[PDB]
Amino acid sequence: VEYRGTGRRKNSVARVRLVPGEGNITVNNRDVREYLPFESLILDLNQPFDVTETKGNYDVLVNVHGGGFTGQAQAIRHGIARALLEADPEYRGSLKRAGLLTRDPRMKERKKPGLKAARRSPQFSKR
Amino acid sequence: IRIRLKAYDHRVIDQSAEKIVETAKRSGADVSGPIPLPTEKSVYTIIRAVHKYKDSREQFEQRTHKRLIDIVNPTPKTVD
Amino acid sequence: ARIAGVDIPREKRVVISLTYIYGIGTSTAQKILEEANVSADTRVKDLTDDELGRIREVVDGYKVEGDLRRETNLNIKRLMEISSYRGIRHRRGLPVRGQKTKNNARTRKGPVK
Amino acid sequence: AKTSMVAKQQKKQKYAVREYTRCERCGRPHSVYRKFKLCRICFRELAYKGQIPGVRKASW
Amino acid sequence: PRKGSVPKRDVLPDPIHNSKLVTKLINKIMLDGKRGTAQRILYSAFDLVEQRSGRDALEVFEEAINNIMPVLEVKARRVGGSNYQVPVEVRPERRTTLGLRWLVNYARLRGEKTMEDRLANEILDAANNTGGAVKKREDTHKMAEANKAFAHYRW
Amino acid sequence: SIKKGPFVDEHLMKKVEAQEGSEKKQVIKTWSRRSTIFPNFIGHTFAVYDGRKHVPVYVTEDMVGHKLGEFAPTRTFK
RNA sequence: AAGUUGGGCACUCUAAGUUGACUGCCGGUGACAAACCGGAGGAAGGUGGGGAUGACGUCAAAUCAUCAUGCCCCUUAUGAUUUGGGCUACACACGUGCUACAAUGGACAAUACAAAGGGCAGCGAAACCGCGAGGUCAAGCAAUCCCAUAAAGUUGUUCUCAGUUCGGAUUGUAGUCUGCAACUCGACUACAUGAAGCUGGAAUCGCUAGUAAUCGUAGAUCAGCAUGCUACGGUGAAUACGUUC
Ligand SMILES: [Mg+2]
Ligand SMILES: [Mg+2]
Ligand SMILES: [Mg+2]
Ligand SMILES: [Mg+2]
Ligand SMILES: [Mg+2]
Ligand SMILES: [Mg+2]
Ligand SMILES: [Mg+2]
Ligand SMILES: [Mg+2]
Ligand SMILES: [Mg+2]
């Protein structure tokens, strides 16, 4: 029983559901394996499934929105952990032993005024 | 009818929204609870100095807040 | 290698082998490649010893001549050394068109720096 | 020589697009606005002391 | 940083090859932010190893880093009121990170006219000796190992 | 450069279209460096600059399609 | 087909109004000195990440051409109004910026995923006539409507290591648009033209995680015209043991 796993990574929301059965992930009425366009490491967002000691627990048929593509990805990886812990609340003390469930470390930041790339400075000539 | 409100200050428009839903709900009218439309800003980045000492500037904004209220029951006790 | 003087390159695609000739290249070479049994398939110096006859008979029909009208650019240009502008005093005193004649690295018409 | 220029500008020298836009309380001919008809330093002392609306400071 | 020990915290998993130390040299061939053209070229430069070498590239790969593996460093230090060099043996975390640059810097130097084949001639001919980049690690391997000097210096 | 009437200035047309009657030669006094060459032009000079020059330029049968009285330059180089 | 049409479903982001981080009970031992390295559970580290905020003061630094201005000069001209030249001129010297020297590259058709913005004579669809720059008409209009397809990348065809199918510098013809008009003095399109150039001497800069680099998106200024400019997302590494210079 798992529902409403939101997932956020770099301005790209993702809402999921989890249905019991076997591991079959799917977003936006089309596949995953030939949607994540470069991303040969599709299996490395399934990797919380690797470390929850069970791979084929549930099916997802998830949703996603916005962002880029790996910015649009990798939050599914975050988004199934919230609903995964809501499937059984034991896992907080046993999924945060590899430190995985939630961290939102970074987004892009402001171009600082009179600069060029928000930390870079223009080149000054000489002395 | 979907009357629209937009104002510069942000507490003024909420007290106006609860004023208009107060004068609507105290009469018989099945009004929706007031709707937050997203509030748009616009930016004015400008040079401080008077002569050519550029690359030292500061920015301004102004922020219009936009609410939304709709009634669906024209009653004589909710006319104006 | 018969089109204008010679068409030197062999074993390329013909669609760019017809760029080495003057007056035709890379976009009207697609257009003038208009003949049955004429398609670029890495047979530049092959596949044609009579099929080449149509694709230069049409070039002789292709009114702009390729190489025979090398006199008309200097007809037009030398006609513009009647001292009006735009060729007049970019050649009689020799500066360069480009609207900035000494502020930047204008060396495409200058000899050296 | 600019008080002649303001005497020109609110009149019309009859062609379509010969005019231009100048500052209201000041008189600069460059870097003026169209939301305010002020100009980039004459806007600033009128954006301060609260007297123009809209304007919080910065830093969004 | 005069303040000490900025943390490391870098992770590197992999899809098929099951090795942390193979996702490092995908992170150095990748220039200009295009990870979307690295493992398309890298894994098409390892599947062409067994067609060029005698074996799978896995059991050749630790040999290929093992022979290119640098030993000794010469970090110059003006000792006590003098100025000349000192040999330093590298701490084992730093030495692979120093090590992997010599694959890619000479990958862009072998004129084989195909980068997924020019670069892979230094994993072949790396488990076997006298490659392209082994010459530099033997050139600097004897930089101060034979030229042993004041070896009581601090830094 | 468009269609629709290559934009001779009209007062210049007013001068030429009735100036072409007799065998007299009093040319322009214009300093309007804008107009093109209508093909019905008689042997006459012009005065096409206004800072300081009245350069008498020949109306001779050049490429008359140029949208300029630009035979008179403005400055020197050396 | 997709209009998200109904259901009126309302939860799921969502869009502007609220609860709570602080060395807190923490283990040490600094001997009670605050604090320092550690462990716990808030998603959260020890000013969570950034901005806005610029102390007494220096440089007789900069501005009378934003304005204000003590004082001296101009007084049928050192004022005024047009038209028309100029601010772009040229053997040269130096700053900044861009686009490139190629095969993890180029061409070619097909082929997915953003943020922030503006638009009531402005933005302009759909279908239409053009090689394109565009031309006509033309409904919808401020989360809903329009500009507005993001692009890089993926799968696939092909050129196969060359002054080259690399690059467009230059140069004539034939147009479009804005305008009263594009010669001095704009911009864009396709037609050929196709130069310099093989990752650059002495030297010299910019950056410590969403950071430099990569292709893009929007805006003001503005009838028309930016490689600059301030804003926004996408892809995203390597490295910092150390204070000797
Ligand atoms: Mg929920
Ligand atoms: Mg005055
Ligand atoms: Mg310290
Ligand atoms: Mg904070
Ligand atoms: Mg802070
Ligand atoms: Mg403070
Ligand atoms: Mg004065
Ligand atoms: Mg100037
Ligand atoms: Mg469209």
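Don't worry about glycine lacking a Cβ; one is built from the backbone with ideal geometry, like all the others, and counts go over all protein chains shown. Quick note: the coordinates plus some simple rules give every number you see, no bench work behind them.
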In segment A:1-43, what residues are among the charged types (D, E, K, R) and either touching a residue at least 24 places away in the same chain (Cβ under 8 Å) or within 16 Å of ligand 3 (Cβ to nearest atom) (or both)?
A:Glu2, A:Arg4, A:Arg8, A:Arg9, A:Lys10, A:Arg15, A:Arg17, A:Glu22, A:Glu39
Could you figure out which of (1) away from chain C (no Cβ under 11 Å); (2) in a loop (DSSP other than H, G, I, E, B) isn't true of F:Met13?
(2)
Taking E:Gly36 as meeting all but one of (1) under 27 Å from A:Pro48 (Cα atoms); (2) surrounded by 14 or more Cβ atoms within 10 Å (Cβ to Cβ); (3) within 14 Å of RNA strand G (Cβ to nearest atom); (4) not hydroxyl-bearing (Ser, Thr, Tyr), write down the number of the exception.
(2)
Inside segment C:3-88, counting only helices (runs of 4 or more DSSP H) that do not spill past its ends, which hold 3 or more residues that are over 30 Å from F:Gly69 (Cα atoms) and either within 16 Å of ligand 3 (Cβ to nearest atom) or more than 14 Å from chain F (Cβ to nearest Cβ) (or both)?
C:14-17, C:28-32, C:54-61
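Suppose we keep only residues that are away from chain C (no Cβ under 13 Å) and either of a type in the set (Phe, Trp, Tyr) or free of Cβ contacts under 8 Å to residues at least 24 places away in the same chain (or both) within segment F:47-78. Which one would you say is surrounded by the fewest Cβ atoms within 10 Å (Cβ to Cβ)?
Going residue by residue through segment F:47-78, those that are away from chain C (no Cβ under 13 Å) are F:47, F:49-54, F:56.
If we keep only those that are either of a type in the set (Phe, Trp, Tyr) or free of Cβ contacts under 8 Å to residues at least 24 places away in the same chain (or both) as well, we get F:47, F:49-53.
Working: F:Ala47: 18, F:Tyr49: 17, F:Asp50: 11, F:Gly51: 7, F:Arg52: 5, F:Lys53: 13.
Looking at the filtered set, the residue picked out is F:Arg52.
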Is it the case that some residue within segment F:48-57 is part of a loop (DSSP other than H, G, I, E, B), under 10 Å from the mean Cα position of the chain (by Cα) and among the aromatic types (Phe, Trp, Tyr)?
no
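In this structure, does A:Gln47 turn out to be more than 14 Å from chain B (Cβ to nearest Cβ), over 30 Å from B:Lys54 (Cβ atoms) and surrounded by fewer than 16 Cβ atoms within 10 Å (Cβ to Cβ)?
Working: more than 14 Å from chain B (Cβ to nearest Cβ): yes; over 30 Å from B:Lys54 (Cβ atoms): yes; surrounded by fewer than 16 Cβ atoms within 10 Å (Cβ to Cβ): yes.
Considered against the rule, which asks whether it is more than 14 Å from chain B (Cβ to nearest Cβ), over 30 Å from B:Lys54 (Cβ atoms) and surrounded by fewer than 16 Cβ atoms within 10 Å (Cβ to Cβ), A:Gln47 comes out as yes.
What do you reckon, is E:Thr114 among the polar types (S, T, N, Q), under 22 Å from E:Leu31 (Cα atoms) and touching a residue at least 12 places away in the same chain (Cβ under 8 Å)? Break it down stepwise before answering.
On the way: among the polar types (S, T, N, Q): yes; under 22 Å from E:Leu31 (Cα atoms): yes; touching a residue at least 12 places away in the same chain (Cβ under 8 Å): no.
Here the answer is no, as E:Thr114 does not meet what is asked.
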Suppose we keep only residues that are surrounded by 11 or more Cβ atoms within 10 Å (Cβ to Cβ) and hydrophobic (A, V, I, L, M, F, W, C) within segment B:50-80. Which one would you say is nearest to D:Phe43 (Cα to Cα)?
B:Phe60
Which of the residues belonging to segment E:38-70 are among the polar types (S, T, N, Q) and either more than 13 Å from every other protein chain (Cβ to nearest Cβ) or out of contact with any helix residue (DSSP H, G or I) (no Cβ under 9 Å at 6 or more places or on another chain) (or both)?
E:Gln51, E:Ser53, E:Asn66, E:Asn67
Would you please name the residue that is surrounded by the most Cβ atoms within 10 Å (Cβ to Cβ), looking only at residues in segment A:9-43 that are among the charged types (D, E, K, R) and within 14 Å of chain E (Cβ to nearest Cβ)?
A:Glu39
Quick one: is D:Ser59 closer than 18 Å to B:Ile47 by Cα, within 9 Å of chain B (Cβ to nearest Cβ) and loosely packed, with under 10 Cβ neighbours inside 10 Å?
yes
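Looking at segment A:1-27 only, could you name the residues that are assigned to a loop (DSSP other than H, G, I, E, B) and more than 14 Å from ligand 1 (Cβ to nearest atom)? Steps first, answer last, please.
From segment A:1-27, those assigned to a loop (DSSP other than H, G, I, E, B) are A:1, A:7-14, A:21-26; that's our starting set.
Residues satisfying the conditions are A:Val1, A:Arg9, A:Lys10, A:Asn11, A:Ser12, A:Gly21, A:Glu22, A:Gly23, A:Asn24, A:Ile25, A:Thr26.
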Among (1) without any contact (Cβ under 8 Å) to a residue 24 or more places away in the chain; (2) surrounded by 10 or more Cβ atoms within 10 Å (Cβ to Cβ), the one test that F:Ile2 misses:
(2)
Can you pull out every residue in segment A:102-127 that is surrounded by 10 or more Cβ atoms within 10 Å (Cβ to Cβ) and more than 21 Å from B:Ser56 (Cβ to Cβ)?
A:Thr102, A:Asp104, A:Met107
Given the conditions (1) within 14 Å of chain C (Cβ to nearest Cβ); (2) among the aliphatic types (A, V, I, L, M); (3) out of contact with any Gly (no Cβ under 8 Å at 6 or more places or on another chain), every one holds for F:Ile37 apart from (3)
Flagged pairs (Cβ under 9 angstrom, 6 or more apart or on separate chains; first in segment E:5-22, within 13 Å of another protein chain (Cβ to nearest Cβ); second acidic (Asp, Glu)) are E:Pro13/A:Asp44; E:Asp14/A:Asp44; E:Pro15/A:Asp44; E:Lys20/E:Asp14; E:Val22/E:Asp14
